[PDB]
Amino acid sequence: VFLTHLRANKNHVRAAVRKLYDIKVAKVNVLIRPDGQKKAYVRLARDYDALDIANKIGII
Amino acid sequence: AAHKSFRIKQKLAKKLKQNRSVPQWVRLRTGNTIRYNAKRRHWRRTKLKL
Amino acid sequence: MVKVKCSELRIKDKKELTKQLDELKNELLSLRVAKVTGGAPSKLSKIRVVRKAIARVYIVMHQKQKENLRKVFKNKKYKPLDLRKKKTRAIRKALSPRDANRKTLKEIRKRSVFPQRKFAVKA
RNA sequence: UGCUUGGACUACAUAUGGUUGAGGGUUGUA
RNA sequence: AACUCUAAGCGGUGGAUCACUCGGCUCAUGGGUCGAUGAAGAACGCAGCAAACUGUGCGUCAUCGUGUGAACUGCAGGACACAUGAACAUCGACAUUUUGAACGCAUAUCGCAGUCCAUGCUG
RNA sequence: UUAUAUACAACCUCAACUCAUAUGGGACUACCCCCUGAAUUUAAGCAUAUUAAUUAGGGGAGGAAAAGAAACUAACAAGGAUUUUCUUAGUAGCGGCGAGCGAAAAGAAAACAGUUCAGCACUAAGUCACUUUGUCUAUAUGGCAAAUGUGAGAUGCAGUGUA
RNA sequence: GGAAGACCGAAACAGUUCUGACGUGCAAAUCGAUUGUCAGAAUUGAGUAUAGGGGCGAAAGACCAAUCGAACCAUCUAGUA
RNA sequence: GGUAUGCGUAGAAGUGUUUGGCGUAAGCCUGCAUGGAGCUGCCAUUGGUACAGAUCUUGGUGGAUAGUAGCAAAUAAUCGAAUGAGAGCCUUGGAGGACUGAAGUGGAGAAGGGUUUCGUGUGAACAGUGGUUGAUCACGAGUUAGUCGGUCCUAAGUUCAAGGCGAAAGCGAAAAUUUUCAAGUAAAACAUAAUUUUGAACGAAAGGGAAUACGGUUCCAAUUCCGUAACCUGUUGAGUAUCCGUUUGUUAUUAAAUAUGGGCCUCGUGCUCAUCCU
RNA sequence: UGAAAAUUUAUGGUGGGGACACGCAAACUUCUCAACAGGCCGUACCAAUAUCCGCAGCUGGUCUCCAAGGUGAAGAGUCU
RNA sequence: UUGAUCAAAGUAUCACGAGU
């Protein structure tokens, strides 16, 4: 999941996460929660483990 | 519903994020005049239309 | 961690500055975790101070990005638009004052030979 | 080459030059 | 003792009196300040716990320099980087999302473009 | 160079440009400016009068705006640019001579500032603006020459000369 | 053999007589019995025209946002008696 | 504005009053009880100056009634268990009676709603009765797409380039006249050639129209998420009729060769004839 | 006498480009087949005797979609 | 007598050539 600025053109996330974490995207999904926030959805690659991602970052 | 537009999705957050009550400590300012809100929306005693 | 006095930052270089830039925004995003996860202090409240610390960097980075322009854009006409003295409206586009006192020939010969003389006509 | 990501750009009416000009308009040199 | 009539005490619905007023309108002297470099108005995005009023514009409740010279405060927490400035006000520096007189074609559509370099992958 | 059979050079009207380089619609409005011009009301009614050369009227300005240097007065022992105030005066005339309207030079007070255009004769374009290159500096759409590089300029630029 | 603005009838609509049920309602017009058309001059969701002394009217001065022989909203409006 | 060496936290203004009194009367003086910061008397002036009234404006509040009017349409609810301070309900879950009758009080779509959908927690107004659950608050989450669809096309029509008119704003307008008011078109000198009339755009989640569905899945989401199974549009890449008579394979018959012939010539080796599918 | 137009096929067409036969092939090839991305936003729920408009949770007007057993002419009307 | 035709052939003299 991700929460982003309001012009996320679905490839900036494809640009940024590999720029910030070297993470291969799989399918970048987007919805806008109607309180004014663009909740994001991205899928990992196979070698990257999701529990290894945030534990590297610090999100429990 | 369900076929809104990108004003009335962003307009409808502002007439949603303004629907809290008072901040739940700020009646301990100096000169507290704020009991509960002026703009306070229910949705059958108050309409939107603007 | 010390307040970056902008008087200090006027000696640095832009390559060090962008190195100084990303060294803080990368740590900044980790602080927002504690805002949403409820991190280990009551608040990791440095995102007020480091915010204005970050904003202290852009301007002085822009300053030498501005100050280098107007010295190499010296000695031309047809000046850059965003660098053209944004003063007013009602005295820019109406007859510049070195050029609106350009007196006329038949009005600078009647101001030559009969001058105003500073006397006192009295008994 | 095409993709996506940045920028700069790209109103109209309009004034004085600049360039390229169009004219069984008006002649001239042939 | 019921009840109804009547005075005062006393409790009770009430907000009038008088006082008090970080405000109103009137009186008069001062000064020229209105945008193609983006005004006026709006929409939003704002901040630690935040809806507003007020402040702003991705540097987002403030901002360089400046001045004065220690705090804002319900609280936590950072400061004392006063001593090389707290917090104010001033304000010249830089900034100025979004829209107008829309300076791309254009709006019950964040839609359609077009030119050119830059920057990544095609390769 | 035109049996509508070619060039080139001008000219003349006249285009097109992601050219260069720059100026403008808009906001406000009390005051101000050129505009358009209605009505209850008053006449005991109403129709010309009145409300009024008025509220919307909207196009335009500014710290001033418009006016202003008389094609005026007055008719006298003369005066003398424009604007506001006192008075001329609620008088002159306009008026269904109804209601009601309505000035004015002249008299005194503030302030005071007078002059370029056109057009004989003014008598070697002696003009003006861009350009580029330097002078000189300056947050100048800048000062000095130059190549006399353009073009504007005789279909007239300049100086002197104006009710 | 299945044509006609043909008939009795249902959701679609209309609104007749009861002058019946509440008439401080269920309501600033509705409920309940009753009655008419019902394969076209039919019924209708959206888009678009039409404008205040006019739009529109298979014509009653109906209808124009609960207003219609002129709306509706601020002024000249403390308009006159 | 003048004035009384004016009283005032040792109680000043109004508020009550079964204390006492003065006037003909309007009105004061006075005692007590609140009350907490300012007030009156003579004489000059004076302003938005004293109220029972205006079908008067505004704000409390009566009798009737503060318990009367009536909360009567849609068949009709019921014992037992919970829990709960407390239940005819709703709040459940156990039975089991009857309704809605498939042109439903049922399952999902439009306009309009705008956080109601969901869990968790609950005290008071809120639910014309209660309330332990609620379309109320408190507090948390929650809407994923190349294929569904807006997006393109155009419909009646907005009159929306400057020909025009108006004092200007703007025009209850088939703006068909507006140097070229051409989209241009791989283009050729020497307005590229006959060509194009209105130049522009909006206008339909009901018409036109790239292409998909199936199974399960969460506290609420699915032609979207995973599992699995196709397609479209664009781009790039690889293979893909296409090697002949003859003779390299093969003695020839044959075979790579999509089907070779031909005259000549010593046969032809030479020569000639040629494939843009059968 | 029963809309337009975006997009689209095939055909016609003069030119022009392929185009040797001892082959090497090639083919916006309208064939087979592999890599490669496809942005933008709208999605929860009521969808009306309790979320609409009816000053209100009010018998009131609200666009269509699916639509069963029996009796029976039947989408009637009674009944599960 | 419900097809159909566009996009120069012909001609002439020059280019009267270039390559060769």
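Residues numbered from 1 in each chain as written, not as in the entry; some residues may be left out. Chains lettered and ligands numbered in written order. Part of a larger assembly, values for the part shown. Heavy atoms only, no water.

Asker: So what's going on with the protein's contact with RNA strand H? Which residues, and what values?
Answerer: In the region of RNA strand H, 24 residues are neighbours, and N29(A), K39(A), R43(A), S21(B) and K47(B) sit closest. Here the atoms of RNA strand H within 4 Å of the protein split so that 60% fall in sugar or phosphate, with bases taking the remainder. Here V30(A) contributes a backbone N or O atom positioned 2.9 Å from a sugar or linking oxygen of RNA strand H. At 3.1 Å, a side-chain N or O of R40(B) approaches a phosphate oxygen of RNA strand H. For the surface near RNA strand H, the elements supplying multiple residues, two or more each, are strand 2 (29-30) and strand 3 (38-41) of chain A. Split into classes, the residues belonging to the surface near RNA strand H amount to 10 nonpolar, five polar and nine charged. (Near = heavy atom within 4 Å. Polar contact = N/O pair within 3.5 Å; in protein donor to acceptor, adjacent residues only side chain to side chain. Helix = DSSP H or I, 4+ residues; strand = E, 2+ residues; numbered from the N terminus. Nonpolar A, V, L, I, M, F, W, Y, C, P; charged D, E, K, R; others polar.)

Asker: An account of the UniProt feature "coiled-coil region" (unreviewed entry) in chain C is requested, with residue identities and associated values reported.
Answerer: Taking the numbering used here, the UniProt-annotated feature "coiled-coil region" (unreviewed entry) corresponds to residues 7-34 of chain C. Helix makes up 86% of residues 7-34 of chain C and strand 0%, and the two end C-alpha atoms of the span are 32 Å apart. (UniProt positions renumbered as here; feature names shortened; annotations may be inferred.)

Asker: Requested: an account of empty space enclosed by the protein, with residues and values cited.
Answerer: Residues and elements named next belong to chain A. The tally for this structure, following the rule as stated, stands at two cavities of 30 Å³ or more. Taken as a whole, the largest cavity encloses approximately 60 Å³ of empty space. Lining the largest cavity we find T4, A8, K10, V13, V28, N29, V30, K38, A40, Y41 and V42. Mapped by element, the contributors of at least two residues to the lining of the largest cavity are strand 2 and strand 3. With three residues, the single largest contributor to the lining of the largest cavity is strand 3. Of the residues contributing to the lining of the largest cavity, the split by class is seven nonpolar, two polar and two charged. (1 Å grid on protein atoms, 1.4 Å probe; cavity = no way out; pocket = protein on both sides within 12 Å on 5 of 7 lines; lining within 4 Å. Points joined across faces, edges and corners; volume = space filled by probe spheres on them.)

Asker: Outline a positive patch on the surface, listing residues and values.
Answerer: Residues and elements named next belong to chain C. Together, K25, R32, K35, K43, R48, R51 and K52 line one region of the surface with positive charge. Sorting the residues of the positive patch by element identifies helix 2 (14-37) and helix 3 (46-72) as the ones contributing at least two each. If you trace the backbone, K35 turns up in helix 2. (Patch = residues over 30% accessible without salt bridge, like charges linked within 9 Å, V, L, I, M, F, W, Y side chains within 5 Å. Areas by Shrake-Rupley, 256 points an atom, 1.4 Å probe, with all protein chains shown as cover. Salt bridge = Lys/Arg side-chain N within 4 Å of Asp/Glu carboxyl O. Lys, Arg positive; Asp, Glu negative; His and termini not counted. Charge placed at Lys NZ, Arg CZ, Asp CG, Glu CD.)

Asker: With reference to specific residues and values, describe the pairing of strand 3 of chain A.
Answerer: All names here are of chain A. Burial along strand 3 is one-sided: the residues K38 and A40 are buried and none of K39 and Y41 is. Pairing between strand 1 (residues 2-4) and strand 3: three bridges, direction antiparallel. Looking across to strand 3, one finds that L3 is bridged to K39. Bridging between strand 2 and strand 3 involves two bridges; their strand directions are antiparallel. Each residue of the ladder has a partner; that of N29, found in strand 3, is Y41. (Buried < 20%, exposed > 50% of the residue type's maximum accessible area, 1.4 Å probe, protein only. Pairing = 2+ DSSP bridges.)

Asker: Could you give an account of the packing of helix 2 of chain C against helix 3 of chain C, with specific residues and numbers?
Answerer: Residue and element names in this part refer to chain C. Contact geometry for helix 2 and helix 3: axes closest at 10 Å, N-to-C directions at 155 degrees. As the angle between them shows, helix 2 and helix 3 are arranged roughly antiparallel. Viewed along their axes, helix 2 and helix 3 form a crossing whose handedness is left-handed. On helix 3, the residues that touch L17, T18, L21, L24, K25, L28, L31 and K35 of helix 2 are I47, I54, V57, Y58 and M61. Taken together, the residues of the contact of helix 2 with helix 3 break down into 10 nonpolar, one polar and two charged. (Axes fitted to C-alpha atoms, helices over the stretch in contact; angles between N-to-C directions. Parallel < 35°, antiparallel > 145°, perpendicular 65-115°, else oblique. Left-handed = near helix turned anticlockwise from the far one by under 90°. Contact = heavy atoms within 4.5 Å.)

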